[PDB]
Amino acid sequence: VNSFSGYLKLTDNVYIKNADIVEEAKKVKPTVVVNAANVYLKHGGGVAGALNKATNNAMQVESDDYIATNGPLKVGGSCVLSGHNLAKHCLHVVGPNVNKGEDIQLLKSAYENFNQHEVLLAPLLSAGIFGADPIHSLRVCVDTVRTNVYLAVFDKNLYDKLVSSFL
Ligand SMILES: CC1(C)C[C@@H](CO)N(c2ncnc3[nH]ccc23)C1
């Protein structure tokens with residue numbers, strides 16, 4: 001039993017809600033919140049910019065030290081950093097950016113990172129400015145993640161479409 005509220009169950013292990021991941025994190029304070037990061041951990045906009053803003057830029061400061069030490073992440077890769085005031089941990093996951101020509105097949109690799117954590121609050125990956133189709137991303141999530149994932153979908157129209165088209 002966890003403190004997530006009002007989620008629609010999609011499968012044995014996937015739950016979905018029309019919600020802002022930042023507001024969900026502030027309310028629930030989950031063990032793990034997923035960021036839809038880029039390889040540079042430059043948290044400018046979307047999920048990343050909004051999460052970072054909610055940490056008063058502490059996420060960016062921590063991330064810049066991480067990159068200075070370790071270099072960029074791989075597309076499809078991840079790192080675990082602090083969740084600051086939003087969660088215990090933040091799993092920064094890089095999905096492919098289709099507007100950069102990156103391979104959509106790497107979206108499955110990106111979601112595989114979720115399997116290292118028993119429970120996560122997460123956004124849809126690659127489906128923002130990264131240009132991928134959100135229907136496909138949800139299908140990949142469901143077919144890849146085996147741990148318990150609570151998906152926060154920002155756009156109401158998209159949420160309705162994802163639910164009504166979910167197979
Ligand atoms: C609509 C997007 C460009 C795509 C989507 C991630 O696929 N995203 C968000 N999803 C959930 N909570 C969110 N808070 C702030 C942004 C945000 C931004």
Side-chain angles (χ1 to χ4, degrees), residues 2-10 14-60 63 73 75-78 81 83-87 89-100 102-114 117 119-145 148-166:
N2 56 54
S3 68
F4 292 107
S5 214
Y7 280 74
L8 172 68
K9 183 170 183 60
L10 291 187
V14 179
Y15 295 82
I16 194 165
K17 184 181 183 184
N18 172 217
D20 185 334
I21 198 179
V22 182
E23 293 306 320
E24 285 294 305
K26 282 197 275 190
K27 176 66 179 183
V28 175
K29 313 222 199 314
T31 304
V32 181
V33 65
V34 174
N35 180 31
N38 56 60
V39 301
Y40 307 111
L41 304 180
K42 285 309 180 205
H43 309 303
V47 171
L51 288 171
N52 175 59
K53 177 176 175 185
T55 76
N56 184 42
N57 211 50
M59 178 179 286
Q60 191 64 67
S63 293
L73 293 185
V75 182
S78 70
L81 291 172
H84 301 275
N85 55 320
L86 305 177
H89 305 285
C90 179
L91 180 70
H92 297 271
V93 179
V94 183
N97 183 337
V98 169
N99 304 329
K100 297 174 181 146
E102 297 173 353
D103 183 7
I104 193 60
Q105 300 299 319
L106 292 167
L107 186 55
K108 189 173 183 74
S109 304
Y111 278 117
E112 287 171 342
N113 295 286
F114 290 25
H117 303 276
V119 184
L120 314 87
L121 171 63
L124 280 177
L125 294 175
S126 291
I129 75 144
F130 278 6
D133 169 66
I135 291 180
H136 174 67
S137 182
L138 176 59
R139 186 76 256 161
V140 178
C141 180
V142 162
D143 292 343
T144 304
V145 180
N148 292 327
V149 58
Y150 288 77
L151 295 169
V153 172
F154 185 84
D155 188 74
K156 171 172 67 169
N157 298 316
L158 172 58
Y159 172 82
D160 298 340
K161 179 201 225 188
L162 291 170
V163 172
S164 308
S165 65
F166 183 67

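Nothing fancy with the numbering, it's 1 onward along the sequence. First listed ligand is number 1; within each ligand, the first listed atom is number 1. The figures here come from the full heavy-atom set of this structure, side chains too, leaving out hydrogens, waters and symmetry mates.
Side-chain contact between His89 and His117: absent, with no pair of heavy atoms (C-beta onward) separated by less than 4.5 Å. The shortest distance between side-chain heavy atoms of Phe166 and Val142 falls below 4.5 Å. Residues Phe114 and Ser78 have side chains not in contact (no heavy-atom distance under 4.5 Å, counting atoms from C-beta outward).
The single protein non-hydrogen atom nearest to atom 8 (N) of ligand 1 is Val47 CG2, 3.6 Å, given as residue, atom name and distance. Here the heavy atom of the protein found nearest to atom 12 (N) of ligand 1 is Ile21 N, 2.8 Å. In terms of protein heavy-atom proximity, atom 11 (C) of ligand 1 is nearest to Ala152 O, 3.3 Å. Annotation: atom 7 (O) of ligand 1 to nearest protein heavy atom, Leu124 O, 2.8 Å. Among all non-hydrogen protein atoms, the one lying nearest atom 15 (C) of ligand 1 is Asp20 OD1, 3.6 Å. From the protein, the heavy atom lying nearest to atom 10 (N) of ligand 1 is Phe154 CB, 3.5 Å.
Remark: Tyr150 engages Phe4, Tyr7, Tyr15 in a ring pair (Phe, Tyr, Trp, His ring centres under 6.0 Å) (not counting sequence neighbours).
By the neighbour-count criterion of 12 heavy atoms within 6.0 Å, atom NZ of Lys27 is sparsely surrounded, having that number or fewer from other residues, nucleotides or ligands. Counting heavy-atom neighbours within 6.0 Å of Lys9 NZ, excluding the residue itself, gives a total above 12.
Every atom of ligand 1 is numbered from 1 in the order shown, and the set under 4.0 Å from a heavy atom of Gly46 is 16 (C). Those atoms of ligand 1 with a heavy atom of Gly128 less than 4.0 angstrom away are 3 (C), 4 (C).
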